[PDB]
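Trainee: One structure follows; several queries about it will come next.
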Amino acid sequence: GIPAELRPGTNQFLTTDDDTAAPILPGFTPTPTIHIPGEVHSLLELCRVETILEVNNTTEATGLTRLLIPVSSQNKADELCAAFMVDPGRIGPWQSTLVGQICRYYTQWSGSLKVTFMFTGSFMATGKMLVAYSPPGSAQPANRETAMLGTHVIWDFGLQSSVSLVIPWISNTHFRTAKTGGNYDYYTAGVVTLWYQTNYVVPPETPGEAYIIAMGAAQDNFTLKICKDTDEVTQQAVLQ
Amino acid sequence: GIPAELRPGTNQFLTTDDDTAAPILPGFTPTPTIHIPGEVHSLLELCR
Amino acid sequence: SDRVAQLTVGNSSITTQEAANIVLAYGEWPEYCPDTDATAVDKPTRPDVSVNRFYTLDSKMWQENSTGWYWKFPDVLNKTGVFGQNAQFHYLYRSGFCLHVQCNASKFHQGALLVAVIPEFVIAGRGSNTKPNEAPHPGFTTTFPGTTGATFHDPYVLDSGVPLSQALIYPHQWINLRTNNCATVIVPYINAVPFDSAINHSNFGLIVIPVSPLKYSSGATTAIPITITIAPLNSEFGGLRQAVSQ
Amino acid sequence: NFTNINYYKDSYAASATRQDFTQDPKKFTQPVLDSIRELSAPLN
Amino acid sequence: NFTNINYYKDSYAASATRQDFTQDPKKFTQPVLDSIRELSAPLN
Amino acid sequence: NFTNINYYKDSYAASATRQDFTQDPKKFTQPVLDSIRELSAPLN
Amino acid sequence: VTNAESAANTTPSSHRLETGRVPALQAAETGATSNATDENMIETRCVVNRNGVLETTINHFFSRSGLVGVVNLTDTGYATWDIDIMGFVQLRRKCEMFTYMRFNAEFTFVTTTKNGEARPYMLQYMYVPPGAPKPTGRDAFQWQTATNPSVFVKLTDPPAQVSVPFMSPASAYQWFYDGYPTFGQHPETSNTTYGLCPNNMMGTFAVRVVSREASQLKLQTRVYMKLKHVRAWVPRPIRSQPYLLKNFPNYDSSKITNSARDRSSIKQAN
Amino acid sequence: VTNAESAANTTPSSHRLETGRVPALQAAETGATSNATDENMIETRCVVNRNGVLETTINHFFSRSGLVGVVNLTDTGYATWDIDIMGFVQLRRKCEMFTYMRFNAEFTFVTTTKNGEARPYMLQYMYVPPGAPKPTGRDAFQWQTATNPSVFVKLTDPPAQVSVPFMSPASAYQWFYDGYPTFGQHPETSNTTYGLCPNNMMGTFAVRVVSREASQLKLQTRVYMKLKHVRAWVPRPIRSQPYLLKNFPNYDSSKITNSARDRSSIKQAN
Amino acid sequence: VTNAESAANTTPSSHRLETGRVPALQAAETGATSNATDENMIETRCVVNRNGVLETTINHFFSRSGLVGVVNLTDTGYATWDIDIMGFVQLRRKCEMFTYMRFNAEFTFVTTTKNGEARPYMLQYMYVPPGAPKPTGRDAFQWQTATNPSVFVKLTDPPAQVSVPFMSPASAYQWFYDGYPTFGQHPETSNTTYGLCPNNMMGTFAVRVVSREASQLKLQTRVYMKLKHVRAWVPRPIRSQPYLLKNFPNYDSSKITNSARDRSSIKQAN
Ligand SMILES: CCCCCCCCCCCCC/C=C/[C@H](O)[C@H](N)CO
Ligand SMILES: CCCCCCCCCCCCC/C=C/[C@H](O)[C@H](N)CO
Ligand SMILES: CCCCCCCCCCCCC/C=C/[C@H](O)[C@H](N)CO
């Protein structure tokens, strides 16, 4: 017998503990592996894929016209098309994408984001848009002169029917808690607004109403810290 | 199993004890440090 | 040098004058089964000409208020050609596929489609009943539609409780009626076992949901069809016995 | 930091083995056949 | 005296590491710019 | 994987020793005197 | 294949005034994610990133214990539990994020009483593989466990814990199975066997109180499973609809829950 | 003698069209198993087998604990048990698969109460070799164990466990003995000593409660034996008939249980 | 930067009789501490000092456990505690001696009963990070702890003890924050958010009794925190006024306690 004292932490079952355990089956060899395509190694591979945002999540949108930003022709200039927050750990459009369901498993995120707008309309319909990201501060801008003071991009519907606005990492702290609201408005990321830059011009005998499909993903420097459990799953009784 | 007896001092919580403890967060790296001026290393710097 | 293309496989060819790319599913090519991963002892057969060719299915009309369609991939071809005979007489089956979905429209029509492959696309039974024996289940002509396809009831959840918005983690493409008219995917053999029967288990499934519904003015063409052509790349069979239909 | 040490012949009763930082995002983000550059138009 | 030994991959669960006797009292006691000698009048 | 370690002088109180893969099926399956080939008739 | 920690740092960039070089115009019709990065759009500075991504692997994401099943023992004398981890929606959703998974396991057994206590009794946990006879009584001959692995532990002991290997006849566990287990005439009304993979049926887990007479206690043992040495394949979207059944992905036709909460208008961020 | 793991792989084969080379026609009248293999009959492919056969040795097959005997103690004050492992039909059949066996042992003692509990009392387990005097009381002088090996353990302790060597005067344990132990006139009516090997009588196992007065409890101690370092010789068929006695292979003349269940006809597989 | 133990020894000195060399006349108007030492004023001898100063570092001064909070559990069924160590004036004053601190922690959990005892029940300690849902009942789904770190310990066990890293989004913990957390119109009457650093909100600490029915006991768990690997910056004066609030440095306008006790006159040392 070797002398040995017992310390605090004895006989406890820590959930996230890395320790050995007695094997039930001695001298066991499992089934040999084969080559299955599409092996994942990290959750940062699932965050870098584009995924349609629910920017039209307002009421009166029925079942599948919640993914579409309606575009038409205006009468006044400098109009606005859509606006949505940047926070992916927040309730809204980012709740319907894939990076906003992985950053909800983790209670912290960092790095740049990326929003890709695809125009689904007629081939003869031209136009221009001013999608602009605005760091925190005041509320959503009211004019286009205030919106163009941030980090905008001028995208025109041409042969290439998709532009991508990268959202840079402009923060004071290294990380941001994916839980905003209350005293957690210190970790807000800003507002992305999309403006009717010039107009939506259409020739005769062509529909004057189109749609834009917004998609979102992470960037190369995206990272996450401290796992947690999501707030979606609700269960009253066991699934018998 | 290796033989091992228990000695006095078992199951006690000494306040000024220097021992390890089980970490709650596995695989964690804190926020990187920056250069903050005026770092203290001993309480003999505040007495002079 | 990027929009024109020709895909010759067997005695069939596919010509197109405006595409976008050819997505390669999970960045891998359809291969033959190696001697390391193989487990069956009997020698497999390889026609290599009569089964690796473009089979064309019937056309689907694209109405304005359409919901979508879905097909099982080793099950659409069991009564058509020499591939159906090979997948009825034999017992094991391993092959990749080569997709192509065509939907041509003029420069005055607007719309888009999301075509994608869903490995192990399990159809859910719709209905609120949390009782094992009283719960509703889909019929056989709904899980395995055949060569005539099956329409979606709720395309927003892919008829499986899974959002369509995040269904872009699958090998996919778009058919934007202003840019392209054809989407093609080269999918390899994805399964947990090296060989598997082609009558009880459907590996994956194509889904074509019409987002941004079709719109046009009066005087244009109303009948807008949708045609898909499959090619079973690198097909090999094993376990020859009596022929079983299903 | 001795943690990898096992105490049985069965290798499936050990701790979390070597952490390899393998990452291939080019199979989920860019699966197309023709390699596209990032400073040019996708469809020439 | 083996005490520094850890038993996990996380380094923040160890004991009190190496005791360095770092001490710079010249930043709290004599922070003036012009170095003043101790055997002369401060203000000449 | 230290398991063979004993703690007494008696050797019959140890664990399961070295696993030798000895196998001679030729004494239960083919015990006949005259060695028969497998590509010929047993009784010429 | 690149292998590195931290995060890809940025590089200094200047303004571009030229034609033909357009990094911003992508084309989503090709099914490829856009590759435009920070440096090419805006003028940026140089930073060295040290924000470790060790905590985002699929081996640190799954190596966390979690309740898989609960077993109510009344003391019939015994109690059984068919091993299937898709009964609680907390560990079911992370595993259904993927299609194929190959992993080892580590089960932990936490047994309590009706009001919650630990009386110094004895419990036998027995694992019944597929094909082994299930026990029919509290003093039957199946409990002799001449070959089945069993654990004898008390209520006043620390929770029991064993390690379980990859025990599947296939090469991986698949959660979604697009087919039937058998041949024959499948019905159109009640397909009670569609989407039932036979490679996941692992057996039955039985538990009894080791005694001769009947002990007057109502126990409740919770099984906490932890995954390790886990490999994953073919990722798939995470479920948004509430779960109804246990072995089937059934949802509700009416009252489909939207995947994003409602706001007033489409031109109001807040 | 060949020594290898995994399993013999197959080799590629083609069709044979010739006379004189017939691998299929065997002759079972020579008492030899047929040696025709896969490659020679049918056309086969090449496979590399990795299906480990480590779990099929006679040292992994027997190194599993298993109930050998139960000892009821009423507290006469003490209780005895003549060591013979052929009392429970679960570990008896695996050992009777073979004729001669040489092995070490490892007994485990699990003692419970009437209703099932563990009161903090003290128990003495004493091994009585052949020739040593058996105890005649609960406070006798035999319990002084000046030379007999004894174990003092409580009911609230983990189950006791000791290691036992090969303690036979012969070179191996034989279960079947085709003879008589002594000379003389053997009877024709009641041969109560046929098939009684004297090399297997190992002694008596006694147990008492260490006290002075009488403790009012009815205990029950179960002996769990595990084999190790086991060598086996001369395999023999496994028994199909139900057991009747303990030291004799008696079966039932009438109602002989067939070794295969009945079906309808001989031309119906199912 | 000099690094040495013991204490600076003295050197021999003689008398000085000269003009121009004046070590005694300092000038405090320059904001510098006087540098006159022993040797220059008086005649001194030579000594070798060995009085170790190892016990005066900021790593031996803080590496001492100390009560940070108490959690009363009535058994609502559960109890919560927002982690903030500025609730007891013993460890609050040593930490408020400094402005910025970066350290690891080590919490110890000591749970007792109403009259003081340790009944063999079971307790679950669960840490709820900022954003994770707080439990709403004693048998809620939040206690499934699929990702939150939890500790299962009994009352009859040694006190639990875990290690906690630097979990702040900033580079250090600051106790004094001279600003507001948000923008907007700040009021003149009730500034209920001035001096509230959001980088110190670490979450909620919950505790329940693991059971099904209600256990009739009133517990009381004390949290003992110890600091380690501590770095400190920007020292500041130690507080002399009695504490009033928990998150605010409020003091009393009237009855200001002087920092030195009163004596009779200024010309009487005693
Ligand atoms: C009594 C102590 C040993 C207890 C042994 C229990 C473990 C044996 C079952 C292995 C569990 C493997 C993990 C889950 C397998 C399949 O995925 C489930 N059936 C999911 O439905
Ligand atoms: C009290 C602690 C020590 C207990 C010692 C008991 C073991 C001594 C007996 C050795 C048993 C050898 C294995 C069985 C032997 C013979 O095969 C049996 N008689 C079978 O009939
Ligand atoms: C249930 C076992 C694990 C319990 C985890 C509790 C520790 C998590 C909180 C970290 C405490 C860091 C030290 C104090 C932080 C800030 O200075 C305080 N908010 C001071 O107000």
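Naming works like this for the structure tokens: A, B, ... for the chains as they're shown, residue 1 at the start of each chain, ligands 1 onward in shown order.
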Hey, which residues come within 7 Å of ligand 3 if we count only C-alpha atoms and all ligand atoms? Could you give them as number ranges by chain?
Mentor: B: 24; I: 83-86, 105, 125-127, 149-151, 162, 164, 166-167, 173, 200-203, 205
Trainee: Name the residues in contact with residue 38 of chain C at a cut-off of 8 Å, using only C-alpha atoms, excluding same-chain residues fewer than 3 positions from it; report them as a VMD selection string.
Mentor: (chain C and resid 33 to 35 194 to 195) or (chain H and resid 47)
Trainee: If you keep N, CA and C atoms, can you produce a file of those selected residues as a PDB file, in the first residue's frame?
Mentor:
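What follows is the written file result11.pdb:
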ATOM      1  N   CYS C  33     -15.122   0.275 -57.069  1.00  0.00           N
ATOM      2  CA  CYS C  33     -14.873  -0.141 -55.694  1.00  0.00           C
ATOM      3  C   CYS C  33     -13.489  -0.769 -55.585  1.00  0.00           C
ATOM      4  N   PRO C  34     -12.629  -0.278 -54.698  1.00  0.00           N
ATOM      5  CA  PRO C  34     -11.296  -0.871 -54.554  1.00  0.00           C
ATOM      6  C   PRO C  34     -11.365  -2.215 -53.847  1.00  0.00           C
ATOM      7  N   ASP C  35     -10.254  -2.949 -53.925  1.00  0.00           N
ATOM      8  CA  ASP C  35     -10.169  -4.242 -53.260  1.00  0.00           C
ATOM      9  C   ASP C  35     -10.026  -4.116 -51.751  1.00  0.00           C
ATOM     10  N   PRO C 194     -20.144  -0.698 -48.791  1.00  0.00           N
ATOM     11  CA  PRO C 194     -19.563  -0.619 -50.145  1.00  0.00           C
ATOM     12  C   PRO C 194     -20.562  -0.929 -51.246  1.00  0.00           C
ATOM     13  N   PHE C 195     -21.372  -1.970 -51.073  1.00  0.00           N
ATOM     14  CA  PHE C 195     -22.397  -2.340 -52.035  1.00  0.00           C
ATOM     15  C   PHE C 195     -23.757  -2.327 -51.354  1.00  0.00           C
TER      16      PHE C 195
ATOM     17  N   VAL H  47      -9.654 -10.444 -52.300  1.00  0.00           N
ATOM     18  CA  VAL H  47     -10.014  -9.631 -51.147  1.00  0.00           C
ATOM     19  C   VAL H  47      -8.918  -9.770 -50.103  1.00  0.00           C
TER      20      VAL H  47
END
Trainee: Compute the chain C side of the contact with chain H at 6 Å, counting only C-alpha atoms, and hand it back as an MDAnalysis selection string.
Mentor: chainID C and resid 35 41:43
Trainee: Go ahead and dump the residues you just picked, N, CA, C and O atoms, as a short mmCIF file (atom, residue, chain, number, x, y, z; two decimals), in the first residue's frame.
Mentor:
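Dumped to out_8.cif:
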data_model
loop_
_atom_site.label_atom_id
_atom_site.label_comp_id
_atom_site.auth_asym_id
_atom_site.auth_seq_id
_atom_site.Cartn_x
_atom_site.Cartn_y
_atom_site.Cartn_z
N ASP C 35 -10.25 -2.95 -53.93
CA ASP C 35 -10.17 -4.24 -53.26
C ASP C 35 -10.03 -4.12 -51.75
O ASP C 35 -10.20 -5.11 -51.04
N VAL C 41 -17.33 -11.54 -52.12
CA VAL C 41 -16.33 -12.40 -52.74
C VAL C 41 -16.61 -12.62 -54.22
O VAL C 41 -15.66 -12.69 -55.02
N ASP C 42 -17.87 -12.70 -54.63
CA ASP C 42 -18.20 -12.93 -56.03
C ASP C 42 -17.70 -11.79 -56.91
O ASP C 42 -17.65 -10.63 -56.49
N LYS C 43 -17.30 -12.13 -58.13
CA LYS C 43 -16.79 -11.12 -59.05
C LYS C 43 -17.94 -10.26 -59.56
O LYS C 43 -18.97 -10.79 -59.98
#
Trainee: Can you tell me which residues surround residue 90 of chain C at a distance of at most 10 Å, considering only C-alpha atoms, apart from same-chain residues fewer than 5 positions away, and format the answer as a PyMOL selection string?
Mentor: chain C and resi 44-45+84-85+197-198+236-244
Trainee: Can you measure atom CA of residue 196 of chain I to atom CA of residue 141 of chain A for me? One decimal in Å is fine.
Mentor: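 The value is 28.6 Å.
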Trainee: Can you tell me, as a list in words, which residues in segment 15-181 of chain A count as alpha helix (DSSP H) by DSSP?
Mentor: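 These are the residues in question: residues 99, 100, 101, 102, 144, 145, 146 and 147 of chain A.
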Trainee: Please dump the current selection as an mmCIF file, in the first residue's frame; keep N, CA and C atoms.
Mentor:
data_model
loop_
_atom_site.group_PDB
_atom_site.id
_atom_site.type_symbol
_atom_site.label_atom_id
_atom_site.label_comp_id
_atom_site.auth_asym_id
_atom_site.auth_seq_id
_atom_site.Cartn_x
_atom_site.Cartn_y
_atom_site.Cartn_z
ATOM 1 N N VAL A 99 -25.005 29.712 -40.548
ATOM 2 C CA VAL A 99 -24.020 30.253 -39.619
ATOM 3 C C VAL A 99 -24.686 30.793 -38.360
ATOM 4 N N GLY A 100 -25.948 31.203 -38.448
ATOM 5 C CA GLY A 100 -26.701 31.673 -37.309
ATOM 6 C C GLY A 100 -27.379 30.579 -36.525
ATOM 7 N N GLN A 101 -27.248 29.328 -36.961
ATOM 8 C CA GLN A 101 -27.629 28.174 -36.167
ATOM 9 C C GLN A 101 -26.428 27.458 -35.572
ATOM 10 N N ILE A 102 -25.228 27.723 -36.080
ATOM 11 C CA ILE A 102 -24.002 27.203 -35.483
ATOM 12 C C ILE A 102 -23.432 28.187 -34.470
ATOM 13 N N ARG A 144 -30.375 58.329 -47.791
ATOM 14 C CA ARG A 144 -29.299 57.631 -48.479
ATOM 15 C C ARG A 144 -27.968 58.359 -48.349
ATOM 16 N N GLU A 145 -27.991 59.672 -48.103
ATOM 17 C CA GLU A 145 -26.752 60.392 -47.835
ATOM 18 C C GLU A 145 -26.146 59.982 -46.501
ATOM 19 N N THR A 146 -26.981 59.628 -45.522
ATOM 20 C CA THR A 146 -26.456 59.108 -44.264
ATOM 21 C C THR A 146 -25.973 57.672 -44.416
ATOM 22 N N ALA A 147 -26.631 56.889 -45.271
ATOM 23 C CA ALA A 147 -26.258 55.492 -45.453
ATOM 24 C C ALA A 147 -24.965 55.351 -46.247
#
Trainee: Name all residues at most 6 Å from residue 225 of chain C (count only C-alpha atoms; drop same-chain ones fewer than 5 positions away) and give them as a ChimeraX atom specification.
Mentor: /C:59-62
